[PDB]
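I have placed the structure first, in the form of structure tokens, so that the comments after it can refer back to it.
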Amino acid sequence: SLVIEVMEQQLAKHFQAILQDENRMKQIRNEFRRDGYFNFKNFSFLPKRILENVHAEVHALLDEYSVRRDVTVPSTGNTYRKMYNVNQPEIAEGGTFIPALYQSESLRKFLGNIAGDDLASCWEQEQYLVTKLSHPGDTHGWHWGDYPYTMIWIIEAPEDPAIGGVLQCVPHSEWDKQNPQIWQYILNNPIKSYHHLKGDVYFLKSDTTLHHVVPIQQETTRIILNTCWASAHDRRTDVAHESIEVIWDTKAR
Ligand SMILES: O=C(O)CCC(=O)C(=O)O
Ligand SMILES: NCCC[C@H](N)C(=O)O
Ligand SMILES: [Cl-]
Ligand code: NI
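One rule links them: number in the authors' numbering = place in the sequence shown (from 1) + 6.
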């Protein structure tokens, strides 16, 4: 309670210091909207101490709740999901910093400032998820998100991109679960590829940016936290969660 109250104060001061440079914010909003992506590199998104607390929490959650999954997702053209993961109810049961950060007003206002929108909590069992890629073949195939505003926290990552785990993106698409047309979006757009290191945290426009994680080529450790927010002006009533159900499940396993 008191640690979280102090943490929110440190977050507000951190985000206010970034927002003070409006001319730089214009470029950040530009890049995020144009590319559907913006990376806060080298422990810059949060105060470094708080970020390292998140890294330790993710490691502890994997040590406690890790579940191996090797499935295909019919709503994303049957692309593969081969990973260890921890779902939202498991993170909600043992986590402390991650559930609090998801509800952080200063964090939501800062991301909303970049995105040009108001952030709100998404469907509960998708609010935060963890994935771990380790073995050759582990991947997070081509997909979209059901909700627009996703933050990916790089907990562990190989420094050599040849080992795998590269993120590739096609922005300004959208998700047709019955007719995804993934290859047509790839043919009609250039693909931008990104490599990430431990401490990176990147903002992703997940509902209109087709993306995937290049499969692992050699035994390594790639761990990410996914915090996902809806739009406060989302007027959708019939959002299906078939991808979350098959990869992470909705109950503590
Ligand atoms: O591992 C990444 O960098 C992205 C993972 C992802 O796309 C997701 O969690 O929805
Ligand atoms: N926030 C999690 C997004 C998962 C995505 N719909 C997928 O099929 O992997
Ligand atoms: Cl996504
Ligand atoms: Ni994704």
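Just so it is clear, CB atoms sit at the ideal spot from N, CA and C, and this is done for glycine as well.
Distance between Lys-183 and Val-9, taken at the CA atoms: about 42 Å.
Secondary structure note for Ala-236: its beta strand (DSSP E) is the uninterrupted segment 228-237.
Taking 3 residues as the shortest admissible run, the segment 152-205 contains the following complete beta strand (DSSP E) segments, listed from N- to C-terminal end: 155-162, 173-176, 198-200.
Counting along the chain, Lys-115 sits inside no beta strand (DSSP E); it lies in the alpha helix (DSSP H) bounded by residues 111-121. With respect to the 8 Å criterion, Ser-140 and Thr-227 are classified as neighbours on the basis of their beta carbons. With 16 or more neighbouring CB atoms inside 10 Å of its own CB, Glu-63 falls in the buried class. By the C-beta criterion, the segment 118-138 is judged to be in contact with the segment 29-37, since at least 3 inter-stretch pairs fall below 8 Å. Nearest to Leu-52 by C-alpha distance, out of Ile-24, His-65, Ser-7, is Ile-24. For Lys-88, the enclosing beta strand (DSSP E) stretches over residues 85-92. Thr-226 has its Cβ no nearer than 7 Å to any heavy atom of ligand 3. Assignment of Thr-82 by DSSP, reduced to helix, strand and coil, places it in the helix class. Between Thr-156 and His-146, the gap from beta carbon to beta carbon reaches 8 Å or more.
Counting only the Cα atoms, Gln-22 lies some 10 Å from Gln-16. In summary, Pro-164 is buried, with 16 or more beta-carbon neighbours lying within 10 Å of its beta-carbon over all protein chains present. Distance from the Cα of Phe-209 is smallest, within the candidate group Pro-196, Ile-229, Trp-235, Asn-185, for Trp-235. Between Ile-222 and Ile-169, the beta carbon gap of about 7 Å places them in contact (Cβ cut-off 8 Å).
Not a single heavy atom of ligand 2 lies less than 7 Å from the C-beta of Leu-25.
For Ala-246, the three-state secondary structure derived from DSSP is coil. Judged by pairs of C-beta atoms under 8 Å, the segment 56-72 touches the segment 88-100, as three or more such pairs exist. Distances taken from the Cβ of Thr-156 to the heavy atoms of ligand 3 include one shorter than 7 Å.
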